>>> print(open('data-v1.txt').read())   # compact mmCIF, C-alpha atoms
# COMPACT_ATOMS: atom_id res chain seq x y z
CA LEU A 7 2.70 35.00 230.04
CA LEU A 8 0.73 35.40 233.26
CA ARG A 9 3.67 34.10 235.31
CA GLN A 10 6.20 36.56 236.79
CA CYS A 11 3.41 39.09 237.56
CA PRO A 12 2.94 39.08 241.35
CA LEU A 13 0.51 42.02 240.94
CA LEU A 14 -1.27 41.98 237.57
CA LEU A 15 -4.30 40.51 235.79
CA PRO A 16 -6.92 43.08 236.89
CA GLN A 17 -10.68 42.80 236.40
CA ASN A 18 -11.31 41.63 232.83
CA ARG A 19 -14.43 43.81 232.55
CA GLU A 20 -12.55 46.64 230.81
CA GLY A 21 -9.13 45.02 230.37
CA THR A 22 -7.99 45.68 233.94
CA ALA A 23 -4.94 47.71 232.90
CA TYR A 24 -3.90 48.52 236.47
CA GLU A 25 -1.18 46.06 237.57
CA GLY A 26 -1.18 47.64 241.01
CA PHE A 27 1.39 46.62 243.61
CA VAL A 28 3.96 45.34 241.11
CA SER A 29 7.69 45.68 241.75
CA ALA A 30 10.92 43.67 241.61
CA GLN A 31 11.28 43.46 245.41
CA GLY A 32 12.63 47.03 245.57
CA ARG A 33 9.55 49.25 245.71
CA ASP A 34 5.93 48.10 245.38
CA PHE A 35 4.67 50.91 243.17
CA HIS A 36 1.01 51.88 242.92
CA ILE A 37 -1.59 50.82 240.34
CA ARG A 38 -2.42 54.36 239.18
CA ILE A 39 -2.93 53.40 235.54
CA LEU A 40 -5.88 53.26 233.15
CA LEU A 41 -7.07 50.37 230.99
CA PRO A 42 -7.08 51.53 227.34
CA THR A 43 -9.99 49.82 225.57
CA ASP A 44 -8.64 50.90 222.16
CA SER A 45 -6.27 49.04 219.83
CA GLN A 46 -3.16 50.24 221.66
CA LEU A 47 -2.12 53.19 223.83
CA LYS A 48 -5.65 54.05 224.95
CA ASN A 49 -5.08 55.34 228.50
CA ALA A 50 -1.61 54.85 229.98
CA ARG A 51 -0.18 56.09 233.29
CA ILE A 52 3.12 57.66 232.13
CA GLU A 53 3.05 61.01 233.98
CA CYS A 54 -0.75 60.88 234.28
CA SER A 55 -1.53 58.56 237.22
CA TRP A 56 -1.84 59.38 240.92
CA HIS A 57 1.82 58.56 241.67
CA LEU A 58 1.24 57.86 245.36
CA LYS A 59 4.17 55.40 245.36
CA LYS A 60 6.66 57.96 243.96
CA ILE A 61 5.77 57.11 240.36
CA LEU A 62 5.95 60.74 239.22
CA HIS A 63 9.65 60.79 240.19
CA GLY A 64 10.49 59.21 236.82
CA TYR A 65 12.32 62.14 235.21
CA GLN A 66 14.24 59.93 232.76
CA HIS A 67 14.05 60.05 228.94
CA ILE A 68 10.35 59.28 228.62
CA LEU A 69 10.25 60.41 224.99
CA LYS A 70 12.69 57.63 224.08
CA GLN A 71 10.17 54.91 224.96
CA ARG A 72 7.33 56.73 223.16
CA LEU A 73 4.87 54.84 225.42
CA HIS A 74 5.74 51.52 223.70
CA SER A 75 2.62 51.79 221.53
CA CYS A 76 4.23 49.77 218.72
CA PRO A 77 3.97 46.55 220.77
CA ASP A 78 0.85 44.49 221.48
CA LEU A 79 -1.05 43.71 224.69
CA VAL A 80 1.78 41.39 225.73
CA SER A 81 4.32 43.80 224.22
CA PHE A 82 3.01 46.53 226.53
CA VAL A 83 3.67 44.42 229.63
CA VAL A 84 7.06 43.38 228.23
CA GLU A 85 8.06 47.02 227.75
CA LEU A 86 6.75 47.92 231.22
CA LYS A 87 8.81 45.14 232.81
CA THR A 88 11.88 46.20 230.81
CA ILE A 89 11.48 49.82 231.93
CA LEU A 90 11.05 48.69 235.54
CA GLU A 91 14.19 46.54 235.37
CA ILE A 92 16.13 49.42 233.81
CA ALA A 93 14.97 51.83 236.51
CA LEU A 94 15.89 49.29 239.20
CA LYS A 95 19.54 49.45 238.13
CA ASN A 96 19.51 53.26 238.04
CA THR A 97 18.50 53.27 241.72
CA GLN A 98 22.17 52.74 242.57
CA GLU A 99 22.81 56.34 241.49
CA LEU A 100 20.04 57.92 243.57
CA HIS A 101 19.46 57.39 247.30
CA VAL A 102 15.84 56.21 247.35
CA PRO A 103 16.65 52.63 248.41
CA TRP A 104 19.85 52.83 250.51
CA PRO A 105 18.37 51.49 253.74
CA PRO A 106 21.69 50.56 255.42
CA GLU A 107 19.85 48.99 258.38
CA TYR A 108 21.78 45.72 257.98
CA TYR A 109 23.31 45.92 261.50
CA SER A 110 26.80 46.53 260.07
CA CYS A 111 26.84 50.26 260.86
CA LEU A 112 26.26 49.54 264.55
CA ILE A 113 29.08 46.98 264.74
CA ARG A 114 31.39 49.35 262.84
CA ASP A 115 31.25 51.87 265.70
CA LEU A 116 32.92 49.33 267.99
CA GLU A 117 35.92 48.95 265.67
CA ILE A 118 35.96 52.72 265.12
CA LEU A 119 36.15 53.47 268.85
CA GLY A 120 38.75 50.75 269.40
CA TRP A 121 41.40 52.85 267.66
CA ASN A 122 40.75 55.79 270.06
CA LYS A 123 40.17 58.19 267.14
CA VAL A 124 43.83 58.99 266.53
CA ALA A 125 43.33 61.01 263.33
CA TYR A 126 39.80 61.11 261.88
CA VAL A 127 38.61 63.51 259.18
CA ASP A 128 35.50 62.10 257.53
CA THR A 129 32.31 61.32 259.43
CA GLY A 130 28.67 60.47 258.83
CA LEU A 131 29.68 56.91 257.83
CA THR A 132 31.29 58.13 254.58
CA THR A 133 34.99 57.48 255.24
CA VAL A 134 37.79 58.04 257.75
CA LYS A 135 40.42 60.66 256.86
CA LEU A 136 43.32 59.11 258.76
CA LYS A 137 46.79 59.83 257.35
CA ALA A 138 49.98 61.87 257.93
CA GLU A 139 51.29 59.36 260.53
CA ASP A 140 55.00 58.94 259.75
CA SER A 141 58.46 60.09 260.81
CA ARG A 142 58.48 62.60 257.92
CA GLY A 143 56.09 64.57 255.73
CA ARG A 144 52.93 62.45 255.75
CA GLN A 145 50.20 62.80 253.11
CA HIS A 146 47.59 60.03 252.90
CA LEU A 147 43.84 59.60 252.50
CA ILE A 148 41.03 57.31 253.64
CA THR A 149 37.43 56.47 252.76
CA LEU A 150 34.56 54.12 253.62
CA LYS A 151 33.05 51.05 251.98
CA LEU A 152 29.72 49.20 251.75
CA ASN A 153 30.51 45.81 253.34
CA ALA A 154 32.28 47.29 256.38
CA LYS A 155 32.23 45.04 259.47
CA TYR A 156 31.38 42.03 257.25
CA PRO A 157 33.43 39.62 255.10
CA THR A 158 33.18 42.17 252.26
CA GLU A 159 36.56 43.90 252.23
CA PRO A 160 36.28 47.71 252.30
CA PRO A 161 36.66 49.08 248.76
CA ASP A 162 37.25 52.74 249.74
CA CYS A 163 41.02 52.39 249.38
CA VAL A 164 41.57 56.01 248.34
CA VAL A 165 44.98 57.18 249.59
CA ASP A 166 48.10 58.73 248.10
CA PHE A 167 50.46 55.96 246.98
CA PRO A 168 52.28 54.55 243.93
CA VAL A 169 50.77 52.31 241.25
CA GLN A 170 51.11 49.42 243.72
CA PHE A 171 50.51 51.19 247.07
CA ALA A 172 47.25 49.43 247.89
CA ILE A 173 46.63 46.68 250.44
CA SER A 174 44.45 43.64 249.80
CA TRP A 175 43.52 40.27 251.35
CA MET A 176 41.15 41.61 253.98
CA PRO A 177 41.34 39.03 256.84
CA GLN A 178 37.64 38.98 257.76
CA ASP A 179 37.26 42.74 257.20
CA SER A 180 39.92 43.85 259.68
CA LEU A 181 38.85 47.45 260.31
CA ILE A 182 40.89 48.23 263.43
CA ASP A 183 44.66 48.56 262.98
CA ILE A 184 44.33 49.66 259.35
CA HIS A 185 47.36 51.97 259.57
CA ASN A 186 49.58 49.25 261.04
CA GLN A 187 48.14 46.35 259.04
CA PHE A 188 48.97 47.92 255.66
CA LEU A 189 50.05 51.55 256.21
CA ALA A 190 53.23 50.59 258.08
CA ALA A 191 54.52 48.47 255.18
CA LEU A 192 54.42 51.59 252.95
CA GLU A 193 57.99 52.49 253.96
CA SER A 194 59.15 51.44 250.48
CA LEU A 195 57.18 54.30 248.90
CA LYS A 196 57.66 56.63 251.87
CA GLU A 197 61.44 56.55 251.37
CA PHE A 198 61.09 57.64 247.73
CA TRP A 199 58.53 60.28 248.73
CA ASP A 200 60.89 61.75 251.32
CA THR A 201 63.77 61.65 248.83
CA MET A 202 61.72 63.52 246.24
CA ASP A 203 60.59 66.06 248.85
CA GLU A 204 64.19 66.68 249.91
CA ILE A 205 65.33 66.99 246.28
CA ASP A 206 62.50 69.48 245.59
CA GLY A 207 63.18 71.54 248.72
CA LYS A 208 64.65 74.44 246.74
CA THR A 209 65.41 75.48 243.15
CA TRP A 210 61.89 76.61 242.28
CA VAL A 211 61.14 75.65 238.67
CA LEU A 212 58.14 75.55 236.33
CA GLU A 213 57.25 72.01 237.45
CA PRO A 214 53.98 71.17 239.25
CA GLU A 215 53.64 73.72 242.04
CA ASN A 216 50.50 72.35 243.71
CA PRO A 217 50.87 69.31 245.99
CA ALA A 218 51.55 66.28 243.76
CA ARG A 219 52.93 63.79 246.27
CA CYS A 220 51.03 61.05 244.42
CA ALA A 221 53.02 61.81 241.25
CA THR A 222 56.43 63.17 240.23
CA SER A 223 57.39 65.91 237.77
CA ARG A 224 60.88 67.31 237.19
CA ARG A 225 60.77 70.99 236.14
CA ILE A 226 64.02 72.81 236.94
CA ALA A 227 63.90 75.73 234.49
CA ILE A 228 67.11 77.11 236.00
CA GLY A 229 68.13 78.65 232.68
CA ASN A 230 66.60 82.07 232.11
CA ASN A 231 63.92 82.01 229.37
CA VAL A 232 63.94 78.17 229.33
CA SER A 233 62.64 75.26 231.40
CA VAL A 234 64.74 72.15 232.04
CA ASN A 235 62.16 69.34 231.82
CA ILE A 236 64.29 66.83 233.74
CA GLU A 237 61.44 64.66 234.96
CA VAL A 238 61.88 62.43 238.01
CA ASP A 239 58.73 60.38 237.40
CA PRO A 240 60.79 57.21 237.96
CA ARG A 241 60.07 56.16 241.54
CA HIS A 242 61.67 52.71 241.63
CA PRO A 243 65.05 54.09 240.43
CA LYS A 244 67.41 54.84 243.30
CA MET A 245 69.52 57.57 241.68
CA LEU A 246 71.16 58.51 238.37
CA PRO A 247 68.01 60.00 236.80
CA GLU A 248 67.66 62.07 233.63
CA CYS A 249 64.91 64.12 231.98
CA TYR A 250 64.43 66.02 228.72
CA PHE A 251 65.84 69.31 230.01
CA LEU A 252 65.14 71.18 226.77
CA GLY A 253 65.01 74.60 228.40
CA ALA A 254 67.29 76.79 226.28
CA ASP A 255 67.23 76.63 222.49
CA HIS A 256 70.94 77.28 221.95
CA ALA A 257 71.94 75.95 225.39
CA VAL A 258 70.97 72.44 224.23
CA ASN A 259 74.55 71.96 223.01
CA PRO A 260 76.31 72.59 226.36
CA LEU A 261 73.65 70.72 228.35
CA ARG A 262 73.77 67.81 225.89
CA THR A 263 77.57 67.71 226.08
CA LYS A 264 77.49 67.76 229.89
CA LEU A 265 74.91 64.95 229.92
CA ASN A 266 76.96 62.85 227.50
CA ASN A 267 80.16 63.39 229.49
CA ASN A 268 78.26 62.87 232.76
CA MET A 269 78.13 59.13 232.00
CA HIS A 270 81.40 58.57 233.85
CA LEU A 271 80.62 61.12 236.58
CA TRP A 272 77.08 59.88 237.14
CA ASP A 273 77.18 59.96 240.95
CA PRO A 274 74.06 57.83 241.49
CA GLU A 275 74.40 57.62 245.28
CA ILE A 276 74.96 61.40 245.41
CA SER A 277 72.55 62.26 242.60
CA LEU A 278 70.20 63.97 245.09
CA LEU A 279 71.24 67.56 244.28
CA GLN A 280 74.90 66.49 243.91
CA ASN A 281 75.27 64.05 241.00
CA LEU A 282 71.99 64.93 239.23
CA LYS A 283 70.99 68.53 240.00
CA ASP A 284 74.43 70.14 240.32
CA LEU A 285 76.32 67.31 238.59
CA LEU A 286 77.02 69.10 235.29
CA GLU A 287 77.26 72.58 236.85
CA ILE A 288 73.52 72.91 237.53
CA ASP A 289 72.58 75.61 240.04
CA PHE A 290 69.06 76.23 241.32
CA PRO A 291 67.81 79.73 240.40
CA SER A 292 65.73 82.03 242.60
CA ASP A 319 30.92 85.61 236.12
CA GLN A 320 29.76 83.84 232.95
CA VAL A 321 29.14 87.02 230.96
CA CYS A 322 28.81 85.96 227.33
CA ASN A 323 28.28 88.19 224.28
CA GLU A 324 24.58 87.40 223.77
CA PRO A 325 21.73 88.62 226.02
CA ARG A 326 22.22 85.52 228.22
CA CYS A 327 24.77 87.16 230.52
CA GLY A 328 23.51 85.60 233.76
CA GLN A 329 25.76 82.85 235.12
CA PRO A 330 27.85 82.39 238.28
CA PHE A 331 31.47 81.31 238.54
CA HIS A 332 34.03 80.64 241.26
CA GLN A 333 35.76 83.96 242.02
CA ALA A 334 38.58 82.35 244.02
CA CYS A 335 41.32 82.29 241.38
CA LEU A 336 41.57 82.50 237.59
CA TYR A 337 45.19 81.52 236.95
CA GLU A 338 43.99 79.48 233.95
CA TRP A 339 40.69 81.19 233.12
CA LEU A 340 41.77 81.75 229.50
CA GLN A 341 40.61 78.22 228.59
CA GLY A 342 40.18 74.73 229.99
CA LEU A 343 42.74 72.72 228.03
CA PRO A 344 44.85 75.70 226.89
CA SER A 345 46.29 78.17 229.38
CA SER A 346 48.87 80.92 228.86
CA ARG A 347 48.88 80.41 225.07
CA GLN A 348 47.92 82.45 222.02
CA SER A 349 44.25 83.46 222.20
CA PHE A 350 43.98 83.35 218.39
CA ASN A 351 43.69 79.59 217.78
CA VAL A 352 43.83 78.03 221.27
CA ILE A 353 41.48 80.45 223.02
CA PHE A 354 38.23 78.62 223.84
CA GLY A 355 39.59 75.74 225.91
CA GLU A 356 36.55 74.65 227.90
CA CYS A 357 33.80 75.91 230.22
CA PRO A 358 34.13 73.86 233.43
CA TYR A 359 32.85 76.62 235.73
CA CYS A 360 29.57 77.18 233.85
CA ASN A 361 29.27 74.45 231.19
CA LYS A 362 27.36 76.65 228.74
CA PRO A 363 27.74 77.60 225.06
CA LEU A 364 30.76 79.82 225.70
CA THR A 365 34.53 79.37 225.87
CA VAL A 366 37.02 80.77 228.39
CA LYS A 367 38.16 83.61 226.07
CA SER A 368 36.53 86.15 228.44
CA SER A 369 38.11 85.30 231.80
>>> encode(input="data-v1.txt", output="C-alpha cells")
Amino acid sequence: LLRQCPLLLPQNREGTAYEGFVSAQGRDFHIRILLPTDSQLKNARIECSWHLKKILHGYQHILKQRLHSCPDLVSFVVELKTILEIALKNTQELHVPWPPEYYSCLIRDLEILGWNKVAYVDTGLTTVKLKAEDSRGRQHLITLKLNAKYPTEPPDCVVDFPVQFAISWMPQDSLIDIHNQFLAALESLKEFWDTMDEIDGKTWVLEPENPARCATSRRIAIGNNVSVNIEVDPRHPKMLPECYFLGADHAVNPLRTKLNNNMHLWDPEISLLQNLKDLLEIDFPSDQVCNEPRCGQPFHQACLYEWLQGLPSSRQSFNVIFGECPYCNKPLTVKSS
C-alpha cells in the first residue's frame, strides 16, 4: 500500500492528496493537486493544477480515464500510477527525455573523423549518408543508431540492398571502416544490380520509371496498345528469365508460341537483351478545394501525375474515383485533382 510511493502520504489533516515529487525516475513531477474531502473525485489535478513540472503537457485521451472516479482511495493511487507508467512509455515518441549525454556522442566523433569524411550526407548525429562507392552505378544509404560507440551494434542499417543485403555481428561496435567491413562484400548483389541496369538501359516500357534499384520490375510494353509484363524480380537467377508478358490481347498466341518454342533456344548466358529480350523477335520500341464551404486546405503543387486518387490512378472515375487523400487527409477524395 504505502510502499512504492517515494513521494506520497501528505498531511493527514485533509487527506493530503498532493503526492508531490513523485515519478518513476524519469521526471519528478510537481504536487499541484488538491485533496478531495468528498466520497471520490472531490478536487483532482487533471488539467487544473499549477503544472510547474510540465504537467499540463498531457494532451493524451484524458476523457478515456474519466478521472478514475469509479475506484476507491487506493484505486485512485493505482490509476494514477498506471497512467504515469503508461505516459513513461510514450516518452519514447516525444523528445522530452532524450538527454544523450552518455559520453558516446563525443567518442563517436573520433571514429567519424578517422574515415576522413569520404562521402557524408546526414549530420546532427542522425545518420551518415555514405554510399555510391563502387566501380559502377552506386546507390546506397546510411543512418545512425542509439548505442553508437558502445557494444550496442548500430541499428540504423537503412541502405538499398536485397532481402539479405544487411551486415550483422558488430565486433565491438566497429564504426570506422563500415563500407569495407560489410559494404565491400556486397559484390554479389552489385553484380545483379549492374546487370539489371544494363538490361534496362533502353527499350522504355511501362515498368517502374522512378529509381527502384532496391527492387525489380519487368515492363517492356513493346507492342503498341499492350504492355509485356515480363518481370525480372528474380535476382538470384543468372539468366533465362520469363514474365507474364500479356501485352496484346490477340498477340498472346504468337508470344505464347515463341515462348514455348524458346525452350530449346533459351540462351541463358546471352539472355541479357539477346536470349531474353530479343530472343523470340523482341525489339525495344521508342489545393484541397472540396464542394462544401470548407474549401481551405493546402497541397503539394509539385506534380499531380496520380492526383485522381490514392490507390487508383488513370482508371475510370465512375467507381474507382476517390482513391485516398494523402496530401490533405480530410473528408474528401482525389476526384478533384
>>> closest_atom_pairs(input="data-v1.txt", of="stretch 103-169 of chain A", to="stretch 239-261 of chain A", cutoff="12 Å", atoms="all atoms listed in the file", output="tab-separated table")
residue	atom	partner	partner_atom	distance
A:167	CA	A:241	CA	11.0
A:168	CA	A:241	CA	8.3
A:169	CA	A:241	CA	10.1
>>> residues_around(input="data-v1.txt", residues="stretch 134-136 of chain A", least_positions_apart="3", cutoff="7 Å", atoms="all atoms listed in the file", output="MDAnalysis selection string")
chainID A and resid 125:129 147:150
>>> write_last_selection(input="data-v1.txt", atoms="C-alpha atoms", output="tab-separated table (two decimals), keeping the file's coordinate frame")
chain	number	residue	atom	x	y	z
A	125	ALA	CA	43.33	61.01	263.33
A	126	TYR	CA	39.80	61.11	261.88
A	127	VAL	CA	38.61	63.51	259.18
A	128	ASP	CA	35.50	62.10	257.53
A	129	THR	CA	32.31	61.32	259.43
A	147	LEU	CA	43.84	59.60	252.50
A	148	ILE	CA	41.03	57.31	253.64
A	149	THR	CA	37.43	56.47	252.76
A	150	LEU	CA	34.56	54.12	253.62
>>> residues_around(input="data-v1.txt", residues="residue A:200", least_positions_apart="3", cutoff="12 Å", atoms="all atoms listed in the file", output="JSON list (two decimals) with C-alpha atoms, in the frame of the given file")
[["chain", "number", "residue", "atom", "x", "y", "z"],
["A", 140, "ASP", "CA", 55.00, 58.94, 259.75],
["A", 141, "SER", "CA", 58.46, 60.09, 260.81],
["A", 142, "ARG", "CA", 58.48, 62.60, 257.92],
["A", 143, "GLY", "CA", 56.09, 64.57, 255.73],
["A", 144, "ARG", "CA", 52.93, 62.45, 255.75],
["A", 145, "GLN", "CA", 50.20, 62.80, 253.11],
["A", 193, "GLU", "CA", 57.99, 52.49, 253.96],
["A", 194, "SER", "CA", 59.15, 51.44, 250.48],
["A", 195, "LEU", "CA", 57.18, 54.30, 248.90],
["A", 196, "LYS", "CA", 57.66, 56.63, 251.87],
["A", 197, "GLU", "CA", 61.44, 56.55, 251.37],
["A", 203, "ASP", "CA", 60.59, 66.06, 248.85],
["A", 204, "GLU", "CA", 64.19, 66.68, 249.91],
["A", 205, "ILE", "CA", 65.33, 66.99, 246.28],
["A", 206, "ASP", "CA", 62.50, 69.48, 245.59],
["A", 207, "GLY", "CA", 63.18, 71.54, 248.72],
["A", 219, "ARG", "CA", 52.93, 63.79, 246.27],
["A", 241, "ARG", "CA", 60.07, 56.16, 241.54],
["A", 278, "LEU", "CA", 70.20, 63.97, 245.09]]
>>> residues_around(input="data-v1.txt", residues="residue A:228", least_positions_apart="4", cutoff="12 Å", atoms="all atoms listed in the file", output="list in words")
residues 208, 209, 210, 211, 212, 213, 224, 232, 233, 234, 235, 236, 251, 252, 253, 254, 257, 261, 283, 284, 287, 288, 289, 290, 291 and 292 of chain A
>>> atom_distance(input="data-v1.txt", atom1="atom CA of residue A:157", atom2="atom CA of residue A:95")
24.0 Å
>>> closest_residue(input="data-v1.txt", among="A:367, A:19, A:262, A:33", to="residue A:321", atoms="all atoms listed in the file")
A:367
>>> atom_distance(input="data-v1.txt", atom1="atom CA of residue A:41", atom2="atom CA of residue A:57")
16.1 Å
>>> closest_residue(input="data-v1.txt", among="A:86, A:76, A:131, A:269", to="residue A:45", atoms="all atoms listed in the file")
A:76
>>> closest_residue(input="data-v1.txt", among="A:116, A:172, A:364, A:68", to="residue A:323", atoms="only C-alpha atoms")
A:364
>>> axis_aligned_box(input="data-v1.txt", around="stretch 155-164 of chain A", padding_each_side="4 Å", output="JSON")
{"center_x": 36.5, "center_y": 47.8, "center_z": 253.9, "size_x": 18.2, "size_y": 24.4, "size_z": 19.1}
>>> residues_around(input="data-v1.txt", residues="residue A:146", least_positions_apart="5", cutoff="6 Å", atoms="all atoms listed in the file", output="mmCIF file with C-alpha atoms, keeping the file's coordinate frame")
data_model
loop_
_atom_site.group_PDB
_atom_site.id
_atom_site.type_symbol
_atom_site.label_atom_id
_atom_site.label_comp_id
_atom_site.auth_asym_id
_atom_site.auth_seq_id
_atom_site.Cartn_x
_atom_site.Cartn_y
_atom_site.Cartn_z
ATOM 1 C CA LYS A 137 46.790 59.830 257.350
ATOM 2 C CA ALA A 138 49.980 61.870 257.930
ATOM 3 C CA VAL A 165 44.980 57.180 249.590
ATOM 4 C CA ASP A 166 48.100 58.730 248.100
#
>>> atom_distance(input="data-v1.txt", atom1="atom CA of residue A:160", atom2="atom CA of residue A:102")
22.7 Å
>>> residues_around(input="data-v1.txt", residues="residue A:161", least_positions_apart="5", cutoff="12 Å", atoms="only C-alpha atoms", output="PyMOL selection string")
chain A and resi 133+148-154+172-176+179+181
>>> closest_residue(input="data-v1.txt", among="A:23, A:92, A:185, A:50", to="residue A:72", atoms="all atoms listed in the file")
A:50
>>> residues_near_point(input="data-v1.txt", point="(40.9, 77.3, 217.9)", cutoff="12 Å", atoms="all atoms listed in the file", output="list in words")
residues 341, 343, 344, 347, 348, 349, 350, 351, 352, 353, 354, 355, 356, 365, 366 and 367 of chain A
>>> closest_residue(input="data-v1.txt", among="A:281, A:320, A:346, A:187", to="residue A:358", atoms="all atoms listed in the file")
A:320
>>> closest_residue(input="data-v1.txt", among="A:329, A:266, A:230, A:222", to="residue A:285", atoms="all atoms listed in the file")
A:266
>>> residues_near_point(input="data-v1.txt", point="(-4.8, 53.7, 225.4)", cutoff="12 Å", atoms="all atoms listed in the file", output="PDB file with C-alpha atoms, in the frame of the given file")
ATOM      1  CA  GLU A  20     -12.550  46.640 230.810  1.00  0.00           C
ATOM      2  CA  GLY A  21      -9.130  45.020 230.370  1.00  0.00           C
ATOM      3  CA  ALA A  23      -4.940  47.710 232.900  1.00  0.00           C
ATOM      4  CA  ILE A  39      -2.930  53.400 235.540  1.00  0.00           C
ATOM      5  CA  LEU A  40      -5.880  53.260 233.150  1.00  0.00           C
ATOM      6  CA  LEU A  41      -7.070  50.370 230.990  1.00  0.00           C
ATOM      7  CA  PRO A  42      -7.080  51.530 227.340  1.00  0.00           C
ATOM      8  CA  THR A  43      -9.990  49.820 225.570  1.00  0.00           C
ATOM      9  CA  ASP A  44      -8.640  50.900 222.160  1.00  0.00           C
ATOM     10  CA  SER A  45      -6.270  49.040 219.830  1.00  0.00           C
ATOM     11  CA  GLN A  46      -3.160  50.240 221.660  1.00  0.00           C
ATOM     12  CA  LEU A  47      -2.120  53.190 223.830  1.00  0.00           C
ATOM     13  CA  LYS A  48      -5.650  54.050 224.950  1.00  0.00           C
ATOM     14  CA  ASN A  49      -5.080  55.340 228.500  1.00  0.00           C
ATOM     15  CA  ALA A  50      -1.610  54.850 229.980  1.00  0.00           C
ATOM     16  CA  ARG A  51      -0.180  56.090 233.290  1.00  0.00           C
ATOM     17  CA  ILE A  52       3.120  57.660 232.130  1.00  0.00           C
ATOM     18  CA  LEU A  73       4.870  54.840 225.420  1.00  0.00           C
ATOM     19  CA  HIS A  74       5.740  51.520 223.700  1.00  0.00           C
ATOM     20  CA  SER A  75       2.620  51.790 221.530  1.00  0.00           C
ATOM     21  CA  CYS A  76       4.230  49.770 218.720  1.00  0.00           C
ATOM     22  CA  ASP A  78       0.850  44.490 221.480  1.00  0.00           C
ATOM     23  CA  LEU A  79      -1.050  43.710 224.690  1.00  0.00           C
ATOM     24  CA  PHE A  82       3.010  46.530 226.530  1.00  0.00           C
TER      25      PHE A  82
END
>>> build_atoms(input="data-v1.txt", residues="stretch 154-165 of chain A", atoms="N, CA and C atoms", output="PDB file, in the frame of the given file")
ATOM      1  N   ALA A 154      31.496  47.115 255.163  1.00  0.00           N
ATOM      2  CA  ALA A 154      32.280  47.290 256.380  1.00  0.00           C
ATOM      3  C   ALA A 154      31.685  46.461 257.510  1.00  0.00           C
ATOM      4  N   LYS A 155      32.560  45.900 258.340  1.00  0.00           N
ATOM      5  CA  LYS A 155      32.230  45.040 259.470  1.00  0.00           C
ATOM      6  C   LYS A 155      31.806  43.636 259.040  1.00  0.00           C
ATOM      7  N   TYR A 156      31.773  43.342 257.742  1.00  0.00           N
ATOM      8  CA  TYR A 156      31.380  42.030 257.250  1.00  0.00           C
ATOM      9  C   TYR A 156      32.505  41.443 256.405  1.00  0.00           C
ATOM     10  N   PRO A 157      32.360  40.208 255.918  1.00  0.00           N
ATOM     11  CA  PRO A 157      33.430  39.620 255.100  1.00  0.00           C
ATOM     12  C   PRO A 157      33.777  40.427 253.862  1.00  0.00           C
ATOM     13  N   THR A 158      32.909  41.340 253.432  1.00  0.00           N
ATOM     14  CA  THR A 158      33.180  42.170 252.260  1.00  0.00           C
ATOM     15  C   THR A 158      34.288  43.160 252.602  1.00  0.00           C
ATOM     16  N   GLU A 159      35.443  43.006 251.965  1.00  0.00           N
ATOM     17  CA  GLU A 159      36.560  43.900 252.230  1.00  0.00           C
ATOM     18  C   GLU A 159      36.173  45.330 251.859  1.00  0.00           C
ATOM     19  N   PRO A 160      36.621  46.324 252.620  1.00  0.00           N
ATOM     20  CA  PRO A 160      36.280  47.710 252.300  1.00  0.00           C
ATOM     21  C   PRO A 160      36.911  48.128 250.982  1.00  0.00           C
ATOM     22  N   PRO A 161      36.116  48.665 250.051  1.00  0.00           N
ATOM     23  CA  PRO A 161      36.660  49.080 248.760  1.00  0.00           C
ATOM     24  C   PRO A 161      37.124  50.528 248.693  1.00  0.00           C
ATOM     25  N   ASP A 162      36.857  51.330 249.725  1.00  0.00           N
ATOM     26  CA  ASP A 162      37.250  52.740 249.740  1.00  0.00           C
ATOM     27  C   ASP A 162      38.736  52.883 250.088  1.00  0.00           C
ATOM     28  N   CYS A 163      39.572  52.326 249.216  1.00  0.00           N
ATOM     29  CA  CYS A 163      41.020  52.390 249.380  1.00  0.00           C
ATOM     30  C   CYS A 163      41.624  53.586 248.652  1.00  0.00           C
ATOM     31  N   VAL A 164      41.115  54.774 248.957  1.00  0.00           N
ATOM     32  CA  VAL A 164      41.570  56.010 248.340  1.00  0.00           C
ATOM     33  C   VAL A 164      42.625  56.622 249.261  1.00  0.00           C
ATOM     34  N   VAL A 165      43.879  56.624 248.809  1.00  0.00           N
ATOM     35  CA  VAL A 165      44.980  57.180 249.590  1.00  0.00           C
ATOM     36  C   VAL A 165      46.155  57.394 248.649  1.00  0.00           C
TER      37      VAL A 165
END
